[PDB]
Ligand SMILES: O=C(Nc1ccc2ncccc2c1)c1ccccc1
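The data below hold one chain only, encoded as structure tokens and taken in the form deposited without the ligand.
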């Protein structure tokens, strides 16, 4: 893949974050706190899950960014509609406005409905995410394995502005405290 040249500088939007998340000063790293982070509630915040959105909104063009997932046991990554539900329980699916992959219990899966098994020989430490708005494509790349393709959602019906999407996962096990980090360009 030669998507690197569509690289965009993504920053996290504090106002969307679950109240337990801790976003770094530079707005490039997020991790699960061990408690409520002493913020007011608002209608933007994801209530049920440790999720946060990027600040950037995309309605055209080609966009690429990379996320570091080193030593995490669980996470969700991708893009979503700006108008996704924030409160209560929901599934990550294109019907609900999400184009995502995840790691969960030692398996990788794409957020289709129902979910699709991914085939990854080299556990990734960094994930590349490519969006082509006009083409209706979201693709995921294994940066650790020379940029090998993980998954392509095609014929996507975005139906609105897109935002980068993150879930750091719960840390019930004590083995999932590590942050998600936006990697430098």
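Numbering follows the first chain given and starts at 1.
K.L.:
Quick check on the record: does 120-128 or 156-164 carry the larger mean Cα temperature factor?
P.N.:
Mean CA B-factor is higher for 120-128.
K.L.:
Do the C-alpha atoms of 84-92 or of 97-105 have the higher average B factor in the entry?
P.N.:
Per the PDB entry, the higher value belongs to 84-92.
K.L.:
Out of 147, 54, 50, 136, which residue has the highest Cα temperature factor in the PDB record?
P.N.:
It is 147.
K.L.:
Would you mind finding, among 63, 69, 30, 39, the residue with the largest C-alpha temperature factor in the entry?
P.N.:
Most elevated C-alpha B-factor of the set, per the entry: 39.
K.L.:
In terms of the chain's CA B-factor thirds, is residue 180 lowest, middle or highest?
P.N.:
According to the entry, residue 180 has a C-alpha B-factor in the chain's lowest third.
K.L.:
According to the PDB entry, is the CA B factor of residue 19 in the bottom, middle or top third of its chain, that is, lowest, middle or highest?
P.N.:
It belongs to the middle third of the chain when residues are ordered by C-alpha B-factor.
Keep in mind the form solved in complex with the ligand is missing from the figure; the text below concerns it.
K.L.:
Determine whether any heavy atom of residue 53 comes within 4.5 Å of a heavy atom of the ligand in the entry with it bound, and answer yes or no.
P.N.:
Although the ligand is absent here, residue 53 would stay clear of it in the entry with it bound, with no heavy atoms inside 4.5 Å.
K.L.:
At the 4.5 Å heavy atom threshold, is residue 133 in contact with the ligand in the entry with it bound?
P.N.:
Looking in the entry with it bound, residue contacts with the ligand do not include residue 133, since no heavy atom lies within 4.5 Å.
K.L.:
Taking any heavy atom pair closer than or equal to 4.5 Å as contact, tell me whether residue 64 reaches the ligand in the entry with it bound.
P.N.:
Residue 64: no contact with the ligand in the entry with it bound.
K.L.:
Looking at the ligand in the entry with it bound, which residues in 80-94 have at least one heavy atom within 4.5 Å of it?
P.N.:
Contacting residues: 89, 90, 91.
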